[PDB]
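First, one chain by itself: the form deposited in one PDB entry, in structure tokens.
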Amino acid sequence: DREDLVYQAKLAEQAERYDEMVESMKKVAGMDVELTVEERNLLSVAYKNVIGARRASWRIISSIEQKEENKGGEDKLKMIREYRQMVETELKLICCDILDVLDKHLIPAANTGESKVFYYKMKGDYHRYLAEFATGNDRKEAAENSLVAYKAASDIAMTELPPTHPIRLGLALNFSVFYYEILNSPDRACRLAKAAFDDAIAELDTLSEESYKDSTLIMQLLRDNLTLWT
């Protein structure tokens, strides 16, 4: 039945029906077991597409708000705002859902370094998405939580994954993105990104057969952001 949930997850993925792919993988996370690499990727992809869609809508709607803000079209702005807010509510719910699954099931039942780094990194990511559109104190809370999860993923990763491991690199990438876009700290964003790249270049022999394209790509992305930021 675990094997069926995974199969249904795959069916849902091919059909591009991500809500159900989330439902399938939630159930598998609810079994309080260590998930396979496959099942971690399925969960991740399920939740990324579902959140991805709203994040895309939120930006489109913000852009239009900003347009109507500069033209002073106040009648439309009421509608734009109500609509942004509805989407923010979806984003909150989706993020709270996975954050909960992480705290109550995935993180507790994790037993390898790879999965622990993955889950705390995920938790950092999802708090960071809450923070992308939050204001004031809510923004603060998501920032503190996101920092705390990214530090926890970092502590375990630093001691337990080669610097080439794509999860470690992915962690560096996003944690440096966090510092730049959320803490508004280009100096730390760049020191972190530069170091993670450099550490993987110093040990390129440690690249796995399984994940060299993933790693390569992540390092390309590290490079692209350093450019962007300088």
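In this text, the rigid core denotes the largest set of C-alpha atoms whose superposition between the two forms falls within 1.5 Å. Counting begins at 1, following the sequence as shown. Shifts are known only where both forms have a C-alpha.
The deposited model assigns a higher average Cα B-factor to 132 to 140 than to the other stretch when 132 to 140 and 145 to 153 are compared.
Across the two stretches, 91 to 99 and 68 to 76, the PDB entry reports the greater mean Cα temperature factor for 68 to 76.
In the deposited coordinates, the residue among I182, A172, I60, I51 with the greatest CA B-factor is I182. The maximum CA B-factor among the listed residues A46, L204, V37, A56, taken from the PDB record, is found at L204. Sorting the modelled residues of the chain by their CA temperature factor places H165 in the middle third.
Sorting the modelled residues of the chain by their CA temperature factor places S215 in the middle third.
Residue-level temperature factors show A109 in the middle third of its chain, judged at the C-alpha atom. Per the PDB record, residue ranking by Cα B-factor puts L192 in the middle third of the chain.
This next part talks about the form deposited in another entry, which is not shown.
After superposing the rigid core, the Cα of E38 is displaced by less than 2 Å between the shown form and the other one.
Superposition on the rigid core between the shown form and the other one places the CA atom of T206 2 Å or more away from its counterpart. Mapped along the sequence, displacements between the shown form and the other one of 2 angstroms or more at every C-alpha, sustained over at least 3 residues after core alignment, occur at 31 to 34, 205 to 214.
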